[PDB]
Amino acid sequence: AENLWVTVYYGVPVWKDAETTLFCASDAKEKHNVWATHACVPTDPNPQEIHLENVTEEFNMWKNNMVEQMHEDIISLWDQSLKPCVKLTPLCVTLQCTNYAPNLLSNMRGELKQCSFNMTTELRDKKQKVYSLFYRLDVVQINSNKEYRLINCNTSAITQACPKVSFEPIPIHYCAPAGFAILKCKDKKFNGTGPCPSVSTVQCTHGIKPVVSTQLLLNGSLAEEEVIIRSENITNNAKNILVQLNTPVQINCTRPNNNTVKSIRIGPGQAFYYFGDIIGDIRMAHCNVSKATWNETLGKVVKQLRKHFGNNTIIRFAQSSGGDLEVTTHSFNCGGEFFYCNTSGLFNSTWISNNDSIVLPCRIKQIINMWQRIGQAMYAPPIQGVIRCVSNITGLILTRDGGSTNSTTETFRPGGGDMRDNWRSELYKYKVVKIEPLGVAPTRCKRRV
Amino acid sequence: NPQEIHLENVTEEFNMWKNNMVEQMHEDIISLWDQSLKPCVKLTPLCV
Amino acid sequence: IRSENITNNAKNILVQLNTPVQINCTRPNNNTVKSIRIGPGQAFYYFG
Amino acid sequence: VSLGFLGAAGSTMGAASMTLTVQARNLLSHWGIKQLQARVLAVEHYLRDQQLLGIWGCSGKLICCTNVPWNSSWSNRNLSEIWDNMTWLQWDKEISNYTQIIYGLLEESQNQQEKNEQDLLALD
Amino acid sequence: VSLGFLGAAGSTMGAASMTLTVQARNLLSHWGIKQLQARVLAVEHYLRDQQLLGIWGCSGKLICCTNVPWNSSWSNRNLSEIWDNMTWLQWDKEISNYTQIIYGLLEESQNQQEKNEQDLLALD
Amino acid sequence: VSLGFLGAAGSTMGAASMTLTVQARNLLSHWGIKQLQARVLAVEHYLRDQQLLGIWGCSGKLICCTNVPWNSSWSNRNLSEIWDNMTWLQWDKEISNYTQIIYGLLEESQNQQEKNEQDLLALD
Ligand SMILES: *[C@@H]1O[C@H](CO)[C@@H](O[C@@H]2O[C@H](CO)[C@@H](O[C@@H]3O[C@H](CO[C@H]4O[C@H](CO)[C@@H](O)[C@H](O)[C@@H]4O)[C@@H](O)[C@H](O)[C@@H]3O)[C@H](O)[C@H]2NC(C)=O)[C@H](O)[C@H]1NC(C)=O
Ligand SMILES: *[C@@H]1O[C@H](CO)[C@@H](O[C@@H]2O[C@H](CO)[C@@H](O[C@@H]3O[C@H](CO)[C@@H](O)[C@H](O)[C@@H]3O)[C@H](O)[C@H]2NC(C)=O)[C@H](O)[C@H]1NC(C)=O
Ligand SMILES: *[C@@H]1O[C@H](CO)[C@@H](O[C@@H]2O[C@H](CO)[C@@H](O)[C@H](O)[C@H]2NC(C)=O)[C@H](O)[C@H]1NC(C)=O
Ligand SMILES: *[C@@H]1O[C@H](CO)[C@@H](O[C@@H]2O[C@H](CO)[C@@H](O)[C@H](O)[C@H]2NC(C)=O)[C@H](O)[C@H]1NC(C)=O
Ligand SMILES: *[C@@H]1O[C@H](CO)[C@@H](O[C@@H]2O[C@H](CO)[C@@H](O)[C@H](O)[C@H]2NC(C)=O)[C@H](O)[C@H]1NC(C)=O
Ligand SMILES: *[C@@H]1O[C@H](CO)[C@@H](O[C@@H]2O[C@H](CO)[C@@H](O)[C@H](O)[C@H]2NC(C)=O)[C@H](O)[C@H]1NC(C)=O
Ligand SMILES: *[C@@H]1O[C@H](CO)[C@@H](O[C@@H]2O[C@H](CO)[C@@H](O)[C@H](O)[C@H]2NC(C)=O)[C@H](O)[C@H]1NC(C)=O
Ligand SMILES: *[C@@H]1O[C@H](CO)[C@@H](O[C@@H]2O[C@H](CO)[C@@H](O)[C@H](O)[C@H]2NC(C)=O)[C@H](O)[C@H]1NC(C)=O
Ligand SMILES: *[C@@H]1O[C@H](CO)[C@@H](O[C@@H]2O[C@H](CO)[C@@H](O)[C@H](O)[C@H]2NC(C)=O)[C@H](O)[C@H]1NC(C)=O
Ligand SMILES: *[C@@H]1O[C@H](CO)[C@@H](O[C@@H]2O[C@H](CO)[C@@H](O)[C@H](O)[C@H]2NC(C)=O)[C@H](O)[C@H]1NC(C)=O
Ligand SMILES: *[C@@H]1O[C@H](CO)[C@@H](O)[C@H](O)[C@H]1NC(C)=O
Ligand SMILES: *[C@@H]1O[C@H](CO)[C@@H](O)[C@H](O)[C@H]1NC(C)=O
Ligand SMILES: *[C@@H]1O[C@H](CO)[C@@H](O)[C@H](O)[C@H]1NC(C)=O
Ligand SMILES: *[C@@H]1O[C@H](CO)[C@@H](O)[C@H](O)[C@H]1NC(C)=O
Ligand SMILES: *[C@@H]1O[C@H](CO)[C@@H](O)[C@H](O)[C@H]1NC(C)=O
Ligand SMILES: *[C@@H]1O[C@H](CO)[C@@H](O)[C@H](O)[C@H]1NC(C)=O
Ligand SMILES: *[C@@H]1O[C@H](CO)[C@@H](O)[C@H](O)[C@H]1NC(C)=O
Ligand SMILES: *[C@@H]1O[C@H](CO)[C@@H](O)[C@H](O)[C@H]1NC(C)=O
Ligand SMILES: *[C@@H]1O[C@H](CO)[C@@H](O)[C@H](O)[C@H]1NC(C)=O
Ligand SMILES: *[C@@H]1O[C@H](CO)[C@@H](O)[C@H](O)[C@H]1NC(C)=O
Ligand SMILES: *[C@@H]1O[C@H](CO)[C@@H](O)[C@H](O)[C@H]1NC(C)=O
Ligand SMILES: *[C@@H]1O[C@H](CO)[C@@H](O)[C@H](O)[C@H]1NC(C)=O
Ligand SMILES: *[C@@H]1O[C@H](CO)[C@@H](O)[C@H](O)[C@H]1NC(C)=O
Ligand SMILES: *[C@@H]1O[C@H](CO)[C@@H](O)[C@H](O)[C@H]1NC(C)=O
Ligand SMILES: *[C@@H]1O[C@H](CO)[C@@H](O)[C@H](O)[C@H]1NC(C)=O
Ligand SMILES: *[C@@H]1O[C@H](CO)[C@@H](O)[C@H](O)[C@H]1NC(C)=O
């Protein structure tokens with residue numbers, strides 16, 4: 001009795017770090033096909049959010065595992081939902097083109113490039129002559145009138161999206177398997193790394209909208225009282241800055257044309273929706289952001305960057321530098337079509353330490369080369385009517401540029417373009433733990449013989 | 001030998017036209033027919 | 001010496017050795033290589 | 001009113017040992033293949049320690065009683081300043097070498113003794 | 001001579017409780033993937049209630065004895081006209097609300113009492 | 001010092017029954033699909049006889065005691081020239097018809113007797 005004997009306990013709370021695989025689980029309720037979410041174990045009405053007490057855990061983004069398999073479960077699912085579609089090798093034919101009208105507006109002068117070419121019909125030994133047109137970022141001449149070829153017929157094989165599926169994003173929850181748990185930081189101002197003094201255990205994360213965007217995060221999740229600046233090792237010019245906003249700013253991108261569509265058969269058995277003629281009169285495709293709100297939002301961000309670069313410095317914004325198109329511009333998809341804006345009239349107007357509308361010209365590509373790869377390209381079928389979509393901006397991606405000495409104010413300019421930063425602005429407060437429910441301890445006890 | 005056990009004093013309401021064994025009999029034929037024909041010879045150059 | 005039913009002329013004999021014997025196969029030429037684009041997006045390394 | 005799953009993990013060891021049934025119920029409950037590599041992974045981590053309790057004599061209990069004496073070179077401390085001034089997440093770090101010796105001593109000196117005692121006691 | 005699997009499901013509750021071993025033995029015993037989604041589904045429905053008997057104190061029995069009193073607001077009936085004039089398929093409909101209260105009361109008031117009684121009885 | 005896994009399979013039956021814990025621990029511990037058809041096959045051969053011990057009354061033991069009498073038309077031999085002059089790989093050949101009678105007699109005449117004795121003993 002005075003000496004002690006051991007005692008085996010089961011189900012005692014300890015957790016130590018690990019990593020697993022995860023499965024998706026998202027439904028609410030006609031919705032024929034998205035990039036695949038058919039049943040995928042439909043969710044539960046009430047999520048359980050249990051609050052812990054007297055518990056602190058060191059947290060760290062930039063070293064998570066939930067990022068590196070979020071990004072593997074998009075590009076491995078994108079190719080899957082495009083494998084059985086129509087492929088098109090016989091599009092890469094040398095084709096003749098001309099410019100348009102006088103069109104003396106001078107915004108759309110030399111932009112639309114009507115072309116004509118040969119294309120194989122159903123029967124093998126007859127030919128079909130077709131007329132179509134393509135935006136200026138899809139044809140490249142071969143060095144009076146000259147010939148043209150599609151922009152990707154030396155790098156990757158073209159394939160067409162199936163005309164039934166839709167790329168509109170739906171929410172996705174991640175859930176950990178039975179015998180694991182996912183923690184969750186629950187303060188308001190969280191600068192990415194550090195101790196989070198009030199954690200909470202759930203099993204399935206909140207609704208993640210997996211949009212694709214550059215330089216401006218769209219339809220994201222908000223923040224609280226003041227905006228937050230997050231990075232890894234600032235004072236390093238090669239790492240981004242993931243700004244998250246407080247109040248949202250609306251946006252009204254649209255397109256005014258009408259754009260009839262036609263369809264022939266390539267053959268024997270695959271159709272091909274090309275882009276017919278434009279009825280009406282042509283303008284650009286543009287976007288509006290209200291000037292009174294956007295002035296206030298940059299005023300709120302630049303008060304926050306003073307804490308990380310000294311109080312006496314006179315912050316200046318600028319344009320993007322250069323490179324390929326998906327880095328120097330703002331790009332997204334609206335209903336099934338891929339825009340490419342400019343955003344030069346936003347990141348102007350330097351600062352000093354002491355009703356309107358801004359228009360944005362946006363040109364359009366049809367052949368995308370997404371996720372920075374080579375060896376897999378994609379055609380996109382056009383859409384009848386006009387295109388209208390409203391969204392709201394929650395989040396910027398700024399890139400500091402260099403210098404040597406602290407001589408009057410480092411400048412900022414957008415860009416980044418890498419896809420993993422899009423999924424770090426909502427997986428910044430989750431890590432995966434493993435329950436180890438055994439344990440031994442001594443007490444004054446003895447088994448009856 | 002299959003086991004066929006006979007019950008006693010037990011009645012159950014039955015219904016065809018609302019079964020589930022029909023709707024996956026028919027899925028396990030057309031999804032098996034295409035599987036046993038995928039690696040075969042295809043012929044596009046017949047349509048001349 | 002290992003086999004199945006020796007005194008049968010159609011079955012092999014699987015001899016295993018005790019001390020190894022080295023071998024020095026090689027090729028003396030230089031054999032430049034080139035690459036064109038059989039196309040559209042598939043390369044082809046032929047023998048120069 | 002009970003707190004919930006992992007609810008008392010900041011509490012002391014004396015109070016968190018009362019609500020042990022909560023952490024025991026919720027331990028078992030072409031892209032379905034990632035769902036299927038999770039339902040097999042969940043059931044095989046559970047069968048491992050359910051095997052490991054079955055060999056210690058603790059077949060289906062949660063607070064089971066054993067018979068090996070505490071060597072007191074594993075933990076010098078008293079009775080009182082363990083159950084009141086430590087948490088479970090901190091006790092499992094201090095004893096943490098000292099545990100492939102216990103898991104060997106807990107079954108070899110007991111179920112290979114008790115079952116060779118009752119087979120030599122129930123002869124009569 | 002025993003009848004067989006599900007054999008006495010029309011019989012009364014007094015007679016069908018004798019042959020309970022028959023419904024316990026036969027509970028566990030590119031198109032192989034539908035075979036594989038059946039062998040995983042069969043073993044995980046069996047581990048669920050095998051967990052659920054292990055927490056009620058009924059670790060490996062079939063007719064196990066418990067200690068909660070019957071509230072008699074769950075079924076007014078009086079013991080005999082239950083075991084002789086009803087079948088199991090009809091008793092499980094009448095009690096059928098009344099069952100997330102029993103499964104909570106059956107383990108919380110017993111194994112979180114008995115194991116905190118013996119740890120306070122075997123101190124001596 | 002214990003030998004190891006399957007270590008005493010040439011030894012006599014009297015000596016190999018002492019080290020039975022070794023053969024119990026190591027029983028559970030596009031080309032990953034052959035790995036996955038092995039981890040399911042390993043857990044379902046283990047759940048089968050773990051079911052089969054649970055119905056014989058031997059819920060979690062290794063040397064468990066039963067109550068059926070030995071008919072002595074199954075093996076004529078004595079006590080002494082079984083445990084000292086035979087191995088386990090040879091005893092399991094001689095009794096080997098004679099085993100679908102034992103597995104039927106071992107559970108029907110015992111757990112369908114004991115549980116209908118205690119339900120008629122604990123009435124008082
Ligand atoms: C940010 O979130 C916004 C909402 O929170 C998104 O706005 C949504 O944008 C879509 C795109 O148009 C709107 O969808 C409607 O579509 C129908 C017809 O379009 C298709 O409908 C069916 C279903 O596929 C199909 O059979 C048809 O052939 C069409 O292909 C139109 O009639 C509607 O007017 C409207 O365009 C949503 O209504 C709209 N949401 C809201 C609340 O208005 C926005 O897209 C998000 N931003 C990004 C970048 O994803
Ligand atoms: C689409 O298919 C038609 C099929 O006829 C192509 O037309 C052919 O184009 C070639 C190339 O220019 C012509 O050859 C020419 O022959 C004259 C003869 O003097 C020679 O002087 C030229 O230098 C050239 O070799 C060929 O005659 C012509 N076929 C016909 C019936 O006129 C056409 O080029 C294809 N592509 C497009 C974009 O239309
Ligand atoms: C495939 O064709 C494209 C056509 O644009 C090539 O891109 C051009 O390459 C020349 C090489 O002298 C550059 O001067 C141009 O600036 C490039 N165009 C653009 C828009 O930047 C591309 O190089 C070709 N692929 C390969 C592997 O050579
Ligand atoms: C950003 O967009 C979202 C959805 O597109 C807006 O969400 C809802 O907007 C209505 C209109 O005021 C509100 O009544 C709802 O309460 C909003 N939803 C939620 C969950 O709050 C949102 O208003 C937009 N603006 C922001 C966030 O500033
Ligand atoms: C854009 O083109 C569409 C397609 O024609 C027009 O919609 C209808 O077109 C038919 C004939 O094609 C006419 O008989 C209808 O009167 C048109 N509808 C309407 C409401 O006028 C559409 O009018 C065009 N213009 C837009 C959308 O501004
Ligand atoms: C962006 O578009 C939305 C709707 O498409 C505009 O919101 C409406 O603006 C009008 C202005 O006359 C108001 O009367 C409405 O009350 C607003 N709301 C709705 C629901 O219609 C928004 O103003 C546009 N933004 C800009 C900068 O023009
Ligand atoms: C965004 O729009 C501007 C508006 O013209 C484009 O042109 C630059 O404009 C500035 C200021 O007017 C000039 O100093 C530059 O010389 C212009 N050209 C270039 C190449 O910068 C600007 O190019 C557009 N952005 C992109 C990425 O095309
Ligand atoms: C970026 O900012 C500069 C400086 O504010 C703008 O240049 C001025 O534009 C206004 C427009 O009315 C003129 O009145 C000034 O004379 C310009 N000043 C200079 C020094 O050029 C410039 O236009 C802005 N760019 C954009 C695209 O708005
Ligand atoms: C056959 O080749 C193997 C590997 O290519 C040789 O293996 C090693 O050779 C060195 C050189 O003498 C020895 O020091 C090592 O001990 C050898 N490895 C092992 C595992 O013994 C080997 O010598 C060659 N000759 C034989 C087997 O006769
Ligand atoms: C075989 O051909 C290679 C490929 O040229 C030779 O390697 C080098 O070739 C470059 C130009 O192709 C010369 O400038 C170098 O001087 C060559 N290297 C050397 C070490 O001479 C290589 O010399 C050729 N002969 C061999 C391998 O015997
Ligand atoms: C970037 O990285 C190091 C550590 O990874 C960090 O401490 C530092 O701020 C940065 N490096 C330099 C040279 O500033
Ligand atoms: C924007 O707001 C600031 C302060 O809110 C004000 O000083 C300035 O005049 C506004 N307009 C512009 C164009 O900066
Ligand atoms: C800059 O501002 C912050 C708060 O706005 C203040 O604490 C700090 O002292 C200021 N810098 C200097 C050099 O005074
Ligand atoms: C080869 O096979 C038989 C048995 O399979 C073996 O016994 C014999 O050596 C061979 N047959 C003859 C005819 O020699
Ligand atoms: C948390 O800690 C405080 C003091 O550190 C203590 O009073 C309280 O009981 C603890 N919480 C729980 C749930 O025990
Ligand atoms: C306690 O453990 C040590 C090994 O660290 C051992 O030498 C000692 O004999 C043990 N004491 C007893 C009483 O077994
Ligand atoms: C535990 O150790 C502390 C040492 O300061 C002492 O106060 C206390 O009496 C000890 N408890 C027991 C039960 O001996
Ligand atoms: C205790 O364990 C750690 C890691 O498990 C090991 O590195 C250390 O050597 C162990 N302590 C001793 C005294 O062996
Ligand atoms: C079936 O019902 C009849 C009367 O309803 C009864 O006599 C008989 O015993 C029942 N069958 C069984 C197997 O109990
Ligand atoms: C019986 O159950 C009811 C709830 O339906 C409850 O109010 C009552 O107190 C229970 N009786 C006893 C003795 O616990
Ligand atoms: C139970 O109630 C029924 C109602 O008929 C009555 O017949 C039976 O005698 C009662 N039995 C007992 C033991 O209370
Ligand atoms: C009994 O259960 C049914 C369905 O399980 C439910 O609809 C009904 O409301 C329940 N009865 C009461 C009194 O709540
Ligand atoms: C092996 O056999 C010999 C004699 O046959 C015996 O003495 C020895 O004990 C056996 N080995 C073991 C491990 O029992
Ligand atoms: C022993 O088994 C035989 C069957 O082989 C049987 O006839 C005999 O009655 C059994 N003896 C006893 C005592 O049950
Ligand atoms: C076992 O049988 C042999 C027969 O020769 C005999 O020597 C021995 O006494 C028997 N053992 C017992 C315990 O009867
Ligand atoms: C014993 O078993 C074997 C095979 O398991 C069988 O062939 C033989 O008939 C059986 N013996 C008797 C007497 O039935």
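Taken together, the values in this text are just the output of simple stated rules run on the coordinates, not laboratory data. Positions of Cβ are backbone-derived with ideal geometry, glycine not excepted, and every protein chain shown enters the neighbour counts.
Restricting the search to the stretch F:52-67, which residues are out of contact with any helix residue (DSSP H, G or I) (no Cβ under 8 Å at 6 or more places or on another chain) and at the interface with another protein chain (Cβ under 8 Å from one of its Cβ atoms)?
Selection gives F:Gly54 alone.
Looking only at the stretch E:39-62, which residues are under 16 Å from F:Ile33 (Cβ atoms) and surrounded by fewer than 16 Cβ atoms within 10 Å (Cβ to Cβ)?
Answer for the stretch E:39-62, where residues must be under 16 Å from F:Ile33 (Cβ atoms) and surrounded by fewer than 16 Cβ atoms within 10 Å (Cβ to Cβ): just E:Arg39.
So in the stretch D:70-82, with the set limited to residues that are buried (at least 16 other Cβ atoms within 10 Å of the Cβ) and not small (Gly, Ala, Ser), which one is farthest from ligand 6 (Cβ to nearest atom)?
D:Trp70
In the stretch A:381-408, which residues are surrounded by fewer than 18 Cβ atoms within 10 Å (Cβ to Cβ) and in contact with a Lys or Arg (Cβ under 9 Å, 6 or more places away or on another chain)?
A:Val386, A:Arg388, A:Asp401
I need the strands (runs of 3 or more DSSP E) fully contained in the stretch A:312-396, keeping only those with at least 2 residues that are β-branched (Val, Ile, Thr).
A:358-365
When you check A:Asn246 against the structure, is it over 30 Å from B:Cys47 (Cβ atoms) and touching an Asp or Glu at 6+ places or on another chain (Cβ under 7 Å), yes or no?
Considered against the rule, which asks whether it is over 30 Å from B:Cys47 (Cβ atoms) and touching an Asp or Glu at 6+ places or on another chain (Cβ under 7 Å), A:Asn246 comes out as yes.
Residue by residue through the stretch A:409-432, note down the ones that are in contact with an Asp or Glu (Cβ under 7 Å, 6 or more places away or on another chain) and either on the phi > 0 side of the Ramachandran plot or surrounded by 20 or more Cβ atoms within 10 Å (Cβ to Cβ) (or both).
The one that is in contact with an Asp or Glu (Cβ under 7 Å, 6 or more places away or on another chain) and either on the phi > 0 side of the Ramachandran plot or surrounded by 20 or more Cβ atoms within 10 Å (Cβ to Cβ) (or both): A:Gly417.
Restricting to the stretch E:93-104, what's the tally of residues that are within 19 Å of E:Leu52 (Cβ to Cβ) and either within 15 Å of ligand 21 (Cβ to nearest atom) or surrounded by 11 or more Cβ atoms within 10 Å (Cβ to Cβ) (or both)?
Adding up the residues that qualify gives 6.
To keep it simple, each residue is scored yes or no on (1) β-branched (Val, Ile, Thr); (2) closer than 18 Å to A:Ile368 by Cα.
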position	(1), (2)
A:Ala101	no, no
A:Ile142	yes, no
A:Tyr148	no, no
A:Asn154	no, yes
A:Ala157	no, yes
A:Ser166	no, yes
A:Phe180	no, no
A:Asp187	no, no
A:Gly192	no, no
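Out of the residues in the stretch F:28-50 that are assigned to a loop (DSSP other than H, G, I, E, B) and more than 8 Å from chain D (Cβ to nearest Cβ), which is nearest to E:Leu36 (Cα to Cα)? Step through it out loud before you land on a result.
First, the residues of the stretch F:28-50 that are assigned to a loop (DSSP other than H, G, I, E, B): F:28-32.
Cutting the leftovers down to more than 8 Å from chain D (Cβ to nearest Cβ) gives us F:30-32.
Working: F:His30: 16, F:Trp31: 16, F:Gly32: 14 Å.
Applying the filter and picking the extreme gives F:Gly32.
Is there any pair linking a residue in the stretch A:285-296 that is farther than 19 Å from A:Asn333 by Cβ to one that is among the acidic types (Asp, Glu), with Cβ under 9 Å and at least six apart or on different chains, and which?
A:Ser290/A:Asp356; A:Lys291/A:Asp356; A:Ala292/A:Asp356
Looking only at the stretch A:221-274, filter to residues that are within 14 Å of chain B (Cβ to nearest Cβ) and surrounded by 15 or more Cβ atoms within 10 Å (Cβ to Cβ); which one of those is farthest from ligand 17 (Cβ to nearest atom)?
So, considering only residues that are within 14 Å of chain B (Cβ to nearest Cβ) and surrounded by 15 or more Cβ atoms within 10 Å (Cβ to Cβ), the one farthest from ligand 17 (Cβ to nearest atom) is A:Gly267.
Among the listed residues E:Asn111, E:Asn85, E:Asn67, identify the single one that is surrounded by 11 or more Cβ atoms within 10 Å (Cβ to Cβ), closer than 30 Å to D:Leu28 by Cα and out of contact with any strand residue (DSSP E or B) (no Cβ under 6 Å at 6 or more places or on another chain).
The conditions single out E:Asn111.
Select from the stretch D:18-27 the residues that are outside any helix (DSSP H, G or I) and either more than 7 Å from every other protein chain (Cβ to nearest Cβ) or not polar (S, T, N, Q) (or both) and list them in ascending order.
Within the stretch D:18-27, D:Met18, D:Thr19, D:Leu20, D:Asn26, D:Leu27 qualify.
Within the stretch A:1-48, how many residues are among the aromatic types (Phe, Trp, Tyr) and under 28 Å from D:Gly14 (Cα atoms)?
The total comes to 4.
Please specify each residue of the stretch D:33-90 satisfying the condition of being of a type in the set (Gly, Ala, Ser) and more than 20 Å from D:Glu107 (Cβ to Cβ).
Selection gives D:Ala38, D:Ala42, D:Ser72, D:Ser73, D:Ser75, D:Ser80.
Is the stretch F:70-84 home to any residue that is more than 15 Å from the chain's Cα centre (by Cα) and among the aliphatic types (A, V, I, L, M)? Let's see the steps before the verdict.
Step one: of the stretch F:70-84, the residues more than 15 Å from the chain's Cα centre (by Cα) are F:70-84.
Checking the rest, the ones that are also among the aliphatic types (A, V, I, L, M) come to F:79, F:82.
The answer is yes, given that some residue of the stretch F:70-84 is more than 15 Å from the chain's Cα centre (by Cα) and among the aliphatic types (A, V, I, L, M).
Just to be sure, is F:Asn111 more than 16 Å from ligand 14 (Cβ to nearest atom) and within 30 Å of D:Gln51 (Cβ to Cβ)?
Yes: the conditions hold for F:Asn111.
Report yes if some residue within the stretch E:3-10 is over 24 Å from B:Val10 (Cα atoms) and either outside any helix (DSSP H, G or I) or touching a strand residue (DSSP E or B) at 6+ places or on another chain (Cβ under 7 Å) (or both); otherwise report no.
Looking through the stretch E:3-10, none of the residues is over 24 Å from B:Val10 (Cα atoms) and either outside any helix (DSSP H, G or I) or touching a strand residue (DSSP E or B) at 6+ places or on another chain (Cβ under 7 Å) (or both).
What do you reckon, is A:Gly280 of a type outside the set (D, E, K, R), more than 16 Å from ligand 23 (Cβ to nearest atom), in a loop (DSSP other than H, G, I, E, B) and within 27 Å of the chain's Cα centre (by Cα)? Give the derivation first.
Numbers: of a type outside the set (D, E, K, R): yes; more than 16 Å from ligand 23 (Cβ to nearest atom): yes; in a loop (DSSP other than H, G, I, E, B): yes; within 27 Å of the chain's Cα centre (by Cα): no.
The answer is no for A:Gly280.
How many of the residues in the stretch D:7-17 are within 8 Å of chain A (Cβ to nearest Cβ) and either within 16 Å of ligand 14 (Cβ to nearest atom) or over 18 Å from E:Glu108 (Cβ atoms) (or both)?
Going through the stretch D:7-17 one residue at a time, the tally reaches 4.
With respect to E:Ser75, is the statement that it is polar (S, T, N, Q) and closer than 30 Å to E:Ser29 by Cα true?
No: the conditions fail for E:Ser75.
Is it true that A:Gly335 is on the phi > 0 side of the Ramachandran plot and loosely packed, with under 12 Cβ neighbours inside 10 Å?
No: the conditions fail for A:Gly335.
Pick out, from the stretch A:1-90, the strands (runs of 3 or more DSSP E) lying fully within it that include 1 or more residues that are within 8 Å of chain D (Cβ to nearest Cβ). Talk me through it step by step, then tell me what you get.
Details: elements: A:5-10, A:15-17, A:57-59.
Per the criteria, A:5-10, A:15-17.
Of the numbered conditions (1) at the interface with another protein chain (Cβ under 8 Å from one of its Cβ atoms); (2) hydrophobic (A, V, I, L, M, F, W, C); (3) in a helix (DSSP H, G or I), E:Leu105 fails exactly one; give the number of that condition.
(1)
Within the stretch A:142-182, how many residues are among the β-branched types (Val, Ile, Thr), part of a loop (DSSP other than H, G, I, E, B) and more than 21 Å from the chain's Cα centre (by Cα)?
Qualifying residue count for the region: 4.
Kindly check whether there is at least one residue in the stretch C:22-40 that is surrounded by 10 or more Cβ atoms within 10 Å (Cβ to Cβ) and on the phi > 0 side of the Ramachandran plot.
So far as the stretch C:22-40 goes, yes, one or more of its residues are surrounded by 10 or more Cβ atoms within 10 Å (Cβ to Cβ) and on the phi > 0 side of the Ramachandran plot.
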